[PDB]
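What follows is a single chain, given as structure tokens, in the form deposited in one PDB entry.
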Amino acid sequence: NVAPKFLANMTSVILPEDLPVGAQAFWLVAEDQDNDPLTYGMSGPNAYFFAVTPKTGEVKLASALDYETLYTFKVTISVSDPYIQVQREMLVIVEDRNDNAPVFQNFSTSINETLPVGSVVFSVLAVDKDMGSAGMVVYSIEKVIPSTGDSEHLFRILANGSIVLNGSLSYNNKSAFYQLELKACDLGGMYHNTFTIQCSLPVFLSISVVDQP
């Protein structure tokens, strides 16, 4: 008898993290000089993510992959003829997709009506579990209510999340209260073979203008 020999691609597999569960991931393929029937297996602590068909070698995903929980891990693959089991190790390299969206931290301040233009009224933070460009956050005011008095222009958000006064206020001739709606969006990434900007759920900031006559 000659030991079944694994092919030369069974040392590592690259699998993306968006891969659906029950998806055909790869095939355990080996060759025997004697043509004995071959039975395939996977073992060890991280073999829960996979599901080998013990006669064909079809492996399909049985647990989710996350780059933000296990970016790479090792598994024990096995080919066995009627006389010998050959066990060998495979490195699984998982690929990052933009799977996570900016999440806001805490939203109400109270600023004086005499505040100068450019003054920082408030600051917001939002974090994306993703790293690199798919983690980078862009801040947006989606609606100021009331819309009276160029409200759409009285406030500007920057990149730090500082909200800066782009205008003048008047407790008596504009409004005593603005509600700003804020979004957070990642600079972008790949999800499902397709460039995906993942955005957050609009949060609301309640500014109260203070009358100092």
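If you superpose the two forms and keep the largest set of C-alpha atoms that fall within 1.5 Å, you have the rigid core. Numbering starts at 1 and runs along the sequence shown.
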task: Please say, as none, 1 to 3, 4 to 9, or 10 or more, how many residues of the deposited sequence are without coordinates in the interval between residue 106 and residue 107.
output: 1 to 3
- prompt: As stated in the PDB record, which stretch has the larger average Cα B-factor, 72-80 or 112-120?
  reply: 112-120
Greater mean Cα temperature factor according to the PDB record, 172-180 or 31-39: 31-39
field: Out of 91, 141, 131, 126, residue topping the C-alpha B-factor column of the entry
entry: 131
field: Highest-ranked of 24, 196, 200, 12 once sorted by CA temperature factor in the record
entry: 24
message: Is residue 7 in the lowest, middle or highest third of its chain when residues are ranked by C-alpha B-factor?
response: lowest
Third assignment of residue 137 from its chain's C-alpha B-factors: middle
message: Looking at the temperature factor on the CA atom of residue 156, which third of the chain's modelled residues does it land in?
response: middle
Cα B factor band for residue 207 (lowest, middle or highest third within the chain): middle
Lowest, middle or highest third - CA B-factor, residue 185: lowest
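Another form, the form deposited in another entry, is not on view; read the next lines as being about it.
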task: Superpose on the rigid core, then report which one of 165, 176, 185, 38 has a CA displacement of at least 2 angstroms between the shown form and the other one.
output: 38
query: Once you line up the core, how about residue 82: does its CA shift reach 2 Å between the shown form and the other one?
result: yes
task: Indicate whether residue 10 shows a C-alpha shift of 2 Å or more between the shown form and the other one, with the rigid core used for the fit.
output: yes
query: Fitting the rigid core first, would the Cα of residue 153 be found 2 Å or more away between the shown form and the other one?
result: no
